[PDB]
file work_38.cif (mmCIF, C-alpha atoms)
data_run
#
loop_
_atom_site.group_PDB
_atom_site.id
_atom_site.type_symbol
_atom_site.label_atom_id
_atom_site.label_comp_id
_atom_site.auth_asym_id
_atom_site.auth_seq_id
_atom_site.Cartn_x
_atom_site.Cartn_y
_atom_site.Cartn_z
ATOM 1 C CA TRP O 1 0.000 0.000 0.000
ATOM 2 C CA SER O 2 2.709 2.491 1.077
ATOM 3 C CA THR O 3 6.093 3.177 -0.543
ATOM 4 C CA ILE O 4 8.231 2.197 2.475
ATOM 5 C CA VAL O 5 5.774 0.416 4.813
ATOM 6 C CA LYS O 6 4.437 -1.817 2.005
ATOM 7 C CA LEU O 7 7.860 -3.259 1.113
ATOM 8 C CA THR O 8 8.733 -3.683 4.819
ATOM 9 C CA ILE O 9 5.755 -5.770 6.022
ATOM 10 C CA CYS O 10 4.785 -7.542 2.752
ATOM 11 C CA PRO O 11 7.667 -10.163 2.668
ATOM 12 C CA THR O 12 6.643 -11.286 6.175
ATOM 13 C CA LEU O 13 2.956 -11.329 5.117
ATOM 14 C CA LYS O 14 3.779 -13.665 2.192
ATOM 15 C CA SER O 15 5.429 -16.149 4.585
ATOM 16 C CA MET O 16 2.230 -16.020 6.684
ATOM 17 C CA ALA O 17 0.063 -16.536 3.564
ATOM 18 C CA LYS O 18 1.682 -19.964 2.986
ATOM 19 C CA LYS O 19 -0.579 -21.434 5.702
ATOM 20 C CA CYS O 20 -3.569 -19.140 6.276
ATOM 21 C CA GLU O 21 -7.259 -19.992 6.722
ATOM 22 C CA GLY O 22 -9.951 -19.970 4.001
ATOM 23 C CA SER O 23 -8.057 -18.103 1.256
ATOM 24 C CA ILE O 24 -6.509 -15.117 3.071
ATOM 25 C CA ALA O 25 -3.239 -15.711 1.168
ATOM 26 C CA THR O 26 -4.989 -14.185 -1.875
ATOM 27 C CA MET O 27 -5.776 -10.944 0.014
ATOM 28 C CA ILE O 28 -2.164 -10.628 1.241
ATOM 29 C CA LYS O 29 -0.718 -10.873 -2.284
ATOM 30 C CA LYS O 30 -3.377 -8.520 -3.715
ATOM 31 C CA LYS O 31 -2.255 -5.595 -1.522
ATOM 32 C CA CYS O 32 1.444 -6.530 -1.647
ATOM 33 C CA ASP O 33 3.892 -7.135 -4.512
ATOM 34 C CA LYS O 34 6.856 -9.315 -5.561
ATOM 35 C CA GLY R 1 15.416 -6.900 6.827
ATOM 36 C CA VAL R 2 13.949 -6.653 10.339
ATOM 37 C CA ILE R 3 10.790 -4.644 11.089
ATOM 38 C CA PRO R 4 10.903 -1.977 13.899
ATOM 39 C CA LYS R 5 8.385 -1.198 16.661
ATOM 40 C CA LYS R 6 7.046 1.848 14.775
ATOM 41 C CA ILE R 7 6.127 -0.186 11.668
ATOM 42 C CA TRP R 8 4.428 -2.894 13.796
ATOM 43 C CA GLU R 9 2.163 -0.194 15.292
ATOM 44 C CA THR R 10 1.331 1.208 11.827
ATOM 45 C CA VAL R 11 0.452 -2.153 10.229
ATOM 46 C CA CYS R 12 -1.707 -3.342 13.206
ATOM 47 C CA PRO R 13 -5.225 -2.659 11.670
ATOM 48 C CA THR R 14 -4.319 -3.642 8.084
ATOM 49 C CA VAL R 15 -2.692 -6.950 9.118
ATOM 50 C CA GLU R 16 -5.368 -7.689 11.779
ATOM 51 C CA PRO R 17 -8.097 -9.415 9.609
ATOM 52 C CA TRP R 18 -5.597 -11.712 7.869
ATOM 53 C CA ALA R 19 -3.661 -12.546 11.069
ATOM 54 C CA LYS R 20 -6.474 -14.201 13.073
ATOM 55 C CA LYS R 21 -7.724 -15.793 9.829
ATOM 56 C CA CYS R 22 -4.324 -17.521 9.487
ATOM 57 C CA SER R 23 -1.870 -19.879 11.240
ATOM 58 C CA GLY R 24 1.758 -21.052 11.484
ATOM 59 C CA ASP R 25 4.907 -19.459 12.927
ATOM 60 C CA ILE R 26 4.639 -16.208 10.938
ATOM 61 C CA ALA R 27 0.970 -15.633 11.879
ATOM 62 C CA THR R 28 1.934 -16.045 15.556
ATOM 63 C CA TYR R 29 4.871 -13.630 15.099
ATOM 64 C CA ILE R 30 2.938 -10.676 13.599
ATOM 65 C CA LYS R 31 0.204 -11.198 16.224
ATOM 66 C CA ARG R 32 2.833 -10.839 18.977
ATOM 67 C CA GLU R 33 4.333 -7.670 17.425
ATOM 68 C CA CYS R 34 1.137 -5.580 17.224
ATOM 69 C CA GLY R 35 -0.444 -7.044 20.390
ATOM 70 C CA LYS R 36 2.606 -6.599 22.649
ATOM 71 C CA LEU R 37 2.572 -2.791 22.430
#
call {"tool": "encode", "arguments": {"input": "work_38.cif", "output": "structure tokens"}}
result
Amino acid sequence: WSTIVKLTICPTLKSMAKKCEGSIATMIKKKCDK
Amino acid sequence: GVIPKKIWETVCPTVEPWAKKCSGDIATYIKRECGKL
């Protein structure tokens, strides 16, 4: 979402996404980038 | 690489919905960061 904050949190969020409930992984990636 | 206290505070609301609706080591980590504040 942000310039700085986005890049900071996002890598961690991806690692989380690997084993989330329902299909939250999708939401994580949507906001973030790679 | 590492994320500071300030960032953890900022992300809190955004990360919240995903966090509880998730599991594993990383989910537990982020939860701890925002919560313990």
call {"tool": "residues_around", "arguments": {"input": "work_38.cif", "residues": "range 25-32 of chain R", "least_positions_apart": "3", "cutoff": "7 Å", "atoms": "all atoms listed in the file", "output": "number ranges by chain"}}
result
O: 15-16; R: 19, 22, 35-36
call {"tool": "resolve_selection", "arguments": {"input": "work_38.cif", "expression": "the PyMOL selection byres ((chain O) within 6 of (chain R))", "output": "ChimeraX atom specification"}}
result
/O:16,19-21,24
call {"tool": "axis_aligned_box", "arguments": {"input": "work_38.cif", "around": "range 5-23 of chain R", "padding_each_side": "4 Å", "output": "AutoDock Vina command-line options"}}
result
--center_x 0.1 --center_y -9.0 --center_z 12.3 --size_x 24.5 --size_y 29.7 --size_z 16.8
call {"tool": "atom_distance", "arguments": {"input": "work_38.cif", "atom1": "CA of residue 4 in chain O", "atom2": "CA of residue 28 in chain O"}}
result
16.6 Å
call {"tool": "decode", "arguments": {"input": "work_38.cif", "residues": "chain O", "atoms": "C-alpha atoms", "output": "PDB file, in the first residue's frame"}}
result
ATOM      1  CA  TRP O   1       0.000   0.000   0.000  1.00  0.00           C
ATOM      2  CA  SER O   2       2.709   2.491   1.077  1.00  0.00           C
ATOM      3  CA  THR O   3       6.093   3.177  -0.543  1.00  0.00           C
ATOM      4  CA  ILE O   4       8.231   2.197   2.475  1.00  0.00           C
ATOM      5  CA  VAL O   5       5.774   0.416   4.813  1.00  0.00           C
ATOM      6  CA  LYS O   6       4.437  -1.817   2.005  1.00  0.00           C
ATOM      7  CA  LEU O   7       7.860  -3.259   1.113  1.00  0.00           C
ATOM      8  CA  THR O   8       8.733  -3.683   4.819  1.00  0.00           C
ATOM      9  CA  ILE O   9       5.755  -5.770   6.022  1.00  0.00           C
ATOM     10  CA  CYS O  10       4.785  -7.542   2.752  1.00  0.00           C
ATOM     11  CA  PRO O  11       7.667 -10.163   2.668  1.00  0.00           C
ATOM     12  CA  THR O  12       6.643 -11.286   6.175  1.00  0.00           C
ATOM     13  CA  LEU O  13       2.956 -11.329   5.117  1.00  0.00           C
ATOM     14  CA  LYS O  14       3.779 -13.665   2.192  1.00  0.00           C
ATOM     15  CA  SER O  15       5.429 -16.149   4.585  1.00  0.00           C
ATOM     16  CA  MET O  16       2.230 -16.020   6.684  1.00  0.00           C
ATOM     17  CA  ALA O  17       0.063 -16.536   3.564  1.00  0.00           C
ATOM     18  CA  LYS O  18       1.682 -19.964   2.986  1.00  0.00           C
ATOM     19  CA  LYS O  19      -0.579 -21.434   5.702  1.00  0.00           C
ATOM     20  CA  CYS O  20      -3.569 -19.140   6.276  1.00  0.00           C
ATOM     21  CA  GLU O  21      -7.259 -19.992   6.722  1.00  0.00           C
ATOM     22  CA  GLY O  22      -9.951 -19.970   4.001  1.00  0.00           C
ATOM     23  CA  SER O  23      -8.057 -18.103   1.256  1.00  0.00           C
ATOM     24  CA  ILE O  24      -6.509 -15.117   3.071  1.00  0.00           C
ATOM     25  CA  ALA O  25      -3.239 -15.711   1.168  1.00  0.00           C
ATOM     26  CA  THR O  26      -4.989 -14.185  -1.875  1.00  0.00           C
ATOM     27  CA  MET O  27      -5.776 -10.944   0.014  1.00  0.00           C
ATOM     28  CA  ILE O  28      -2.164 -10.628   1.241  1.00  0.00           C
ATOM     29  CA  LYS O  29      -0.718 -10.873  -2.284  1.00  0.00           C
ATOM     30  CA  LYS O  30      -3.377  -8.520  -3.715  1.00  0.00           C
ATOM     31  CA  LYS O  31      -2.255  -5.595  -1.522  1.00  0.00           C
ATOM     32  CA  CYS O  32       1.444  -6.530  -1.647  1.00  0.00           C
ATOM     33  CA  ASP O  33       3.892  -7.135  -4.512  1.00  0.00           C
ATOM     34  CA  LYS O  34       6.856  -9.315  -5.561  1.00  0.00           C
TER      35      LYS O  34
END
